[PDB]
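# Working through the structure, step by step
The primary structure of each chain is shown beneath.
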Amino acid sequence: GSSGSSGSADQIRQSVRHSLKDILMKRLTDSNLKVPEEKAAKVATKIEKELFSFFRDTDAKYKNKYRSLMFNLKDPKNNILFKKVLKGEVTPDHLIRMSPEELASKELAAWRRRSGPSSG
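Quick notes on the rules
- Residues numbered from 1 in each chain as written, not as in the entry; some residues may be left out.
- Heavy atoms only, no water.
- Helix = DSSP H or I, 4+ residues; strand = E, 2+ residues; numbered from the N terminus.
- Buried < 20%, exposed > 50% of the residue type's maximum accessible area, 1.4 Å probe, protein only.
- Contact = heavy atoms within 4.5 Å.
- Areas by Shrake-Rupley, 256 points an atom, 1.4 Å probe, with all protein chains shown as cover.
- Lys, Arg positive; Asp, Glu negative; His and termini not counted.
- Charge placed at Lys NZ, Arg CZ, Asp CG, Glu CD.
- Axes fitted to C-alpha atoms, helices over the stretch in contact; angles between N-to-C directions.
- Parallel < 35°, antiparallel > 145°, perpendicular 65-115°, else oblique.
- Nonpolar A, V, L, I, M, F, W, Y, C, P; charged D, E, K, R; others polar.
- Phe/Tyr/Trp six-rings, centres within 6.5 Å; stacked < 30°, edge-to-face > 60°.
- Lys NZ or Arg CZ within 6 Å of the ring centre and 35° of its normal.
- Expected span 1.5 Å × (residues − 1).

Structure determination for this PDB entry was carried out by solution NMR, as recorded in the header.

Pasting the structure below:
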């Protein structure tokens, strides 16, 4: 609820951090992920460092992309993305350049045909 268009740009970015870490936290914790609490954090804090930059502004668009990045993380269908960025498969910088049709691709071999541990 708001009665105007006031707000500190910093805030928006700040919240984004926690919000993200929250997901990668409630997810990894359930994914028996033996990753350090910092792992998720770092990634999150970075997301903004890359977003706020690529956009260089905190306008609707900026949010559109953000809500579009974490949206594919919370989704029940996507159960690898959160693991991709965390594990390292995907970067917190490129994740933004990733198209809305790729985030679902959930492709493996695509990454690189150098290692095929056949983990499934």
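Continuing now.
### Things to note about the overall build of the protein
Looking only at helices and strands, the protein has 6 helices and 0 strands in total. Across the protein, helices and strands are ordered from the amino to the carboxyl terminus as α-α-α-α-α-α. Taking the principal axes of its C-alpha atoms as reference, the protein extends roughly 55 × 25 × 25 Å. Looking at the protein as a whole, 30% of its 120 residues qualify as buried. Excluding contacts between residues fewer than 6 apart, the proportion of contacts in the protein whose partners are at least 24 apart in sequence is 63%. As presented, the protein carries roughly 8700 Å² of accessible surface, and 45% of it is formed by carbon and sulfur atoms. Of the side-chain charges in the protein, 25 are positive and 15 negative, and the distance between the mean point of each set is 3 Å.

### Looking at the packing of helix α1 (residues 9-28) against helix α3 (residues 60-69)
Two elements in contact, α1 and α3, have axes separated by 12 Å at closest approach and are oriented at 5°. Of the possible angle classes, the one that applies to α1 and α3 is roughly parallel. When α1 is examined against α3, the residues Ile12, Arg13, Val16, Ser19 and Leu20 are found in contact with a partner set consisting of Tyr62, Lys63 and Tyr66. When its residues are assigned to classes, the contact of α1 with α3 shows 5 nonpolar, 1 polar and 2 charged.

### With respect to the packing of aromatic side chains
This structure, assessed with the given rule, holds 2 aromatic pairs. Plain terms: the ring middles of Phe54 and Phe55 are 5.6 Å apart, the flat faces sit at 85° to each other, and that makes the pair edge-to-face. Their ring planes at 80° and their centres at 6.3 Å tell us that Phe55 and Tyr62 sit as a pair that is edge-to-face. Among the residues examined, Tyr62 registers a relative accessible area of 1% and is labelled buried. An aromatic cluster is present here, built from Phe54, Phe55 and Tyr62 joined pairwise through their rings. For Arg13, the ring lying beneath its charged end belongs to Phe52, and the centroid distance is 3.3 Å.

### Some thoughts on helix α2 (residues 37-55)
In this model α2 runs 28 Å from its N-terminal to its C-terminal C-alpha over 19 residues, within 8% of the 27 Å that 1.5 Å per residue would give. Taken as a whole, α2 has its buried residues at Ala40, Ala41, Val43, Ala44, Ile47, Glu48, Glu50, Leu51 and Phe55. Elements that come into contact with the buried residues of α2 comprise α1, α3, α5 (81-87) and α6 (94-97). Positive phi appears at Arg56, one or two residues downstream of α2, with a value of about 60°.

### Description of the environment of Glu48
Following the sequence through the fold, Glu48 ends up in helix α2. When its relative accessible area of 5% is taken as the criterion, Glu48 is described as buried.

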